[PDB]
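What's in data.csv: CSV, C-alpha atoms
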chain,number,residue,atom,x,y,z
A,13,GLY,CA,0.0,0.0,0.0
A,14,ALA,CA,1.1,3.7,0.1
A,15,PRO,CA,3.5,3.1,3.1
A,16,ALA,CA,5.1,0.2,1.4
A,17,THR,CA,5.3,2.2,-1.9
A,18,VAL,CA,7.2,4.9,0.1
A,19,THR,CA,9.5,2.3,1.7
A,20,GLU,CA,10.2,0.9,-1.7
A,21,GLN,CA,10.4,4.1,-3.9
A,22,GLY,CA,10.7,7.1,-1.7
A,23,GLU,CA,13.5,9.7,-1.6
A,24,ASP,CA,15.5,10.0,1.5
A,25,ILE,CA,15.3,13.7,2.3
A,26,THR,CA,17.1,13.6,5.7
A,27,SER,CA,20.5,15.3,6.0
A,28,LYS,CA,21.8,12.2,7.8
A,29,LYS,CA,20.6,10.0,5.0
A,30,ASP,CA,19.3,7.6,7.7
A,31,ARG,CA,16.0,6.9,5.8
A,32,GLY,CA,14.2,8.7,8.6
A,33,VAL,CA,12.0,10.7,6.3
A,34,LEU,CA,11.1,9.3,2.9
A,35,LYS,CA,9.2,11.2,0.3
A,36,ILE,CA,7.3,10.7,-2.9
A,37,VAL,CA,5.8,13.6,-4.8
A,38,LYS,CA,2.3,12.5,-5.9
A,39,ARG,CA,1.0,15.7,-7.4
A,40,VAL,CA,3.5,18.3,-8.7
A,41,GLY,CA,2.7,21.8,-7.4
A,42,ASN,CA,2.0,24.7,-9.7
A,43,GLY,CA,4.2,26.7,-7.3
A,44,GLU,CA,7.7,27.2,-8.4
A,45,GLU,CA,9.6,27.5,-5.1
A,46,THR,CA,9.7,26.0,-1.5
A,47,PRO,CA,8.7,28.0,1.6
A,48,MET,CA,11.5,29.6,3.6
A,49,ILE,CA,12.3,28.5,7.1
A,50,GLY,CA,10.1,30.6,9.4
A,51,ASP,CA,7.3,30.9,6.9
A,52,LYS,CA,3.7,30.1,8.0
A,53,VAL,CA,2.6,27.0,6.0
A,54,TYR,CA,-0.9,25.7,5.5
A,55,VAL,CA,-1.4,22.0,4.8
A,56,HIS,CA,-4.0,19.4,4.5
A,57,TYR,CA,-3.0,16.0,5.6
A,58,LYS,CA,-3.9,12.4,6.3
A,59,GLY,CA,-1.8,10.5,8.8
A,60,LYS,CA,-1.6,6.8,9.1
A,61,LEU,CA,0.3,4.3,10.9
A,62,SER,CA,2.7,2.3,8.7
A,63,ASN,CA,0.2,-0.6,8.7
A,64,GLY,CA,-2.3,1.7,7.0
A,65,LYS,CA,-4.4,2.6,10.0
A,66,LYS,CA,-5.7,6.1,9.6
A,67,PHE,CA,-5.3,8.2,12.7
A,68,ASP,CA,-6.4,11.7,11.4
A,69,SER,CA,-7.3,13.8,8.5
A,70,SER,CA,-7.6,17.6,8.3
A,71,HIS,CA,-10.2,17.1,5.6
A,72,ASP,CA,-12.6,15.6,8.2
A,73,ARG,CA,-13.0,19.1,9.6
A,74,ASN,CA,-12.2,21.3,6.7
A,75,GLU,CA,-9.4,22.7,8.7
A,76,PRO,CA,-6.0,23.2,7.3
A,77,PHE,CA,-3.2,22.7,9.7
A,78,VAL,CA,-0.9,25.7,10.1
A,79,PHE,CA,2.6,25.9,11.5
A,80,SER,CA,5.8,28.0,11.3
A,81,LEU,CA,8.1,26.0,9.2
A,82,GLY,CA,11.3,24.7,10.7
A,83,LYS,CA,10.6,26.0,14.2
A,84,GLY,CA,10.0,22.6,15.9
A,85,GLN,CA,6.2,23.2,16.3
A,86,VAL,CA,5.5,19.8,14.6
A,87,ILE,CA,7.3,16.5,14.4
A,88,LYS,CA,10.7,16.7,12.8
A,89,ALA,CA,9.5,14.8,9.7
A,90,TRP,CA,7.0,17.6,8.9
A,91,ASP,CA,9.5,20.4,9.3
A,92,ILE,CA,11.9,18.4,7.1
A,93,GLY,CA,9.2,17.3,4.6
A,94,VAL,CA,7.2,20.4,4.1
A,95,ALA,CA,10.4,22.4,3.6
A,96,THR,CA,10.8,20.4,0.4
A,97,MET,CA,7.4,21.1,-1.0
A,98,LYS,CA,6.1,23.6,-3.5
A,99,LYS,CA,2.7,25.3,-3.3
A,100,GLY,CA,0.0,22.9,-4.6
A,101,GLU,CA,2.2,19.9,-4.2
A,102,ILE,CA,0.9,16.7,-2.6
A,103,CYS,CA,3.5,14.2,-1.3
A,104,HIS,CA,3.6,11.1,0.7
A,105,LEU,CA,6.0,10.9,3.7
A,106,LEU,CA,7.1,7.9,5.7
A,107,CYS,CA,8.6,8.9,9.1
A,108,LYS,CA,10.7,6.8,11.4
A,109,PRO,CA,10.1,7.3,15.1
A,110,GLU,CA,13.2,9.4,15.6
A,111,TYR,CA,11.5,12.0,13.3
A,112,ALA,CA,8.1,11.6,14.8
A,113,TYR,CA,7.0,10.6,18.4
A,114,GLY,CA,9.8,8.2,19.3
A,115,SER,CA,9.7,5.6,22.1
A,116,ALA,CA,7.1,7.7,24.1
A,117,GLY,CA,4.6,7.7,21.2
A,118,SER,CA,1.4,9.7,21.5
A,119,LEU,CA,-1.3,7.4,22.9
A,120,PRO,CA,-3.9,6.4,22.2
A,121,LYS,CA,-3.4,6.9,18.5
A,122,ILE,CA,0.4,6.5,18.1
A,123,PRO,CA,2.3,3.6,19.8
A,124,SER,CA,5.9,3.5,21.0
A,125,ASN,CA,8.4,3.4,18.1
A,126,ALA,CA,5.8,4.1,15.4
A,127,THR,CA,6.8,4.7,11.8
A,128,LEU,CA,4.2,7.1,10.5
A,129,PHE,CA,2.7,7.8,7.1
A,130,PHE,CA,1.4,11.1,5.9
A,131,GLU,CA,-0.2,12.4,2.7
A,132,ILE,CA,0.4,16.2,2.8
A,133,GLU,CA,-0.9,18.9,0.5
A,134,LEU,CA,0.9,22.2,0.8
A,135,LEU,CA,-2.0,24.6,0.3
A,136,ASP,CA,-0.2,27.9,0.8
A,137,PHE,CA,2.6,29.6,2.6
A,138,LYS,CA,3.1,33.1,4.0
A,139,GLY,CA,5.9,35.2,5.3
A,140,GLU,CA,7.0,35.1,8.8
Will you turn the file into structure tokens for me?
Amino acid sequence: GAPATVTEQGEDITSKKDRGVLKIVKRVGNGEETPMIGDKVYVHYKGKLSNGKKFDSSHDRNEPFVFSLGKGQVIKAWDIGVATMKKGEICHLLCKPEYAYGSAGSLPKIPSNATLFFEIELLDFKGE
């Protein structure tokens, strides 16, 4: 399924090249450039466990998720992954626990040492 597709075909976008954040672009953005670090980014997403269990979707509440890019307001994989995206892009990310919620997890939805899958749409981004 999509997590296995990313395991098999995804790009390692980590600086450590530790396969901690793997990416596939699913829809190329019309946007030409990535956001800058510090920019406010607006995303839609769906987040699943690596076994395909959906744990959330922002489309369920018509509510984009907004954060300041690169500021540690979100899991590391998102700061890393969304920084590679262009406006309008949809990607898939697969995120090792070191780049997500680690040993502690985030119960009930996220177990200890969970590898997480996201589909992310970069809707827009704005200056800091």
Env of residue A:17: 10 Å cut, atoms = all atoms listed in the file, seq-sep filter 3 positions within chain, self excluded. Answer as a ChimeraX atom specification.
/A:13-14,20-22,36,104,106
Pick out the closest residue to residue A:75 from this set: A:140, A:55, A:26, A:99. Count all atoms listed in the file.
A:55
For a cut-off of 12 Å around (-3.9, 6.4, 20.8), file coordinates, pick out all residues using all atoms listed in the file and list them as a PyMOL selection string.
chain A and resi 60-61+65-68+113+116-124+126
Keeping C-alpha atoms for every residue in the selection just given, could you write it to a file as a CSV table (one decimal), in the coordinates of the input?
chain,number,residue,atom,x,y,z
A,60,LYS,CA,-1.6,6.8,9.1
A,61,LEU,CA,0.3,4.3,10.9
A,65,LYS,CA,-4.4,2.6,10.0
A,66,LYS,CA,-5.7,6.1,9.6
A,67,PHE,CA,-5.3,8.2,12.7
A,68,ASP,CA,-6.4,11.7,11.4
A,113,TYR,CA,7.0,10.6,18.4
A,116,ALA,CA,7.1,7.7,24.1
A,117,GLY,CA,4.6,7.7,21.2
A,118,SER,CA,1.4,9.7,21.5
A,119,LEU,CA,-1.3,7.4,22.9
A,120,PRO,CA,-3.9,6.4,22.2
A,121,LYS,CA,-3.4,6.9,18.5
A,122,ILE,CA,0.4,6.5,18.1
A,123,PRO,CA,2.3,3.6,19.8
A,124,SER,CA,5.9,3.5,21.0
A,126,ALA,CA,5.8,4.1,15.4
State, in Å with one decimal place, the distance from atom CA of residue A:42 to atom CA of residue A:108.
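Spanning atom CA of residue A:42 to atom CA of residue A:108 is a straight-line distance of 29.0 Å.
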Across A:110, A:24, A:72, A:101, the smallest distance to residue A:37, with all atoms listed in the file counted, is shown by A:101
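Near residue A:89, within 9 Å and counting only C-alpha atoms, sit residues 26, 32, 33, 34, 86, 87, 91, 92, 93, 94, 105, 106, 107, 108, 110, 111 and 112 of chain A, not including residues fewer than 2 positions from it in the same chain.
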With only C-alpha atoms as the basis for distance, which of A:100, A:15, A:76, A:82 is at the shortest distance from residue A:43?
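Residue with the minimum atom-to-atom distance to residue A:43: A:100.
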Hey, what's within 6 Å of residue A:125 if we count all atoms listed in the file and toss same-chain stuff fewer than 3 positions away? As a list in words, please?
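Within the cut-off, the hits are residues 109, 114 and 115 of chain A.
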Could you tell me which of A:128, A:133, A:44, A:102 comes closest to residue A:19 if we count all atoms listed in the file?
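Residue with the minimum atom-to-atom distance to residue A:19: A:128.
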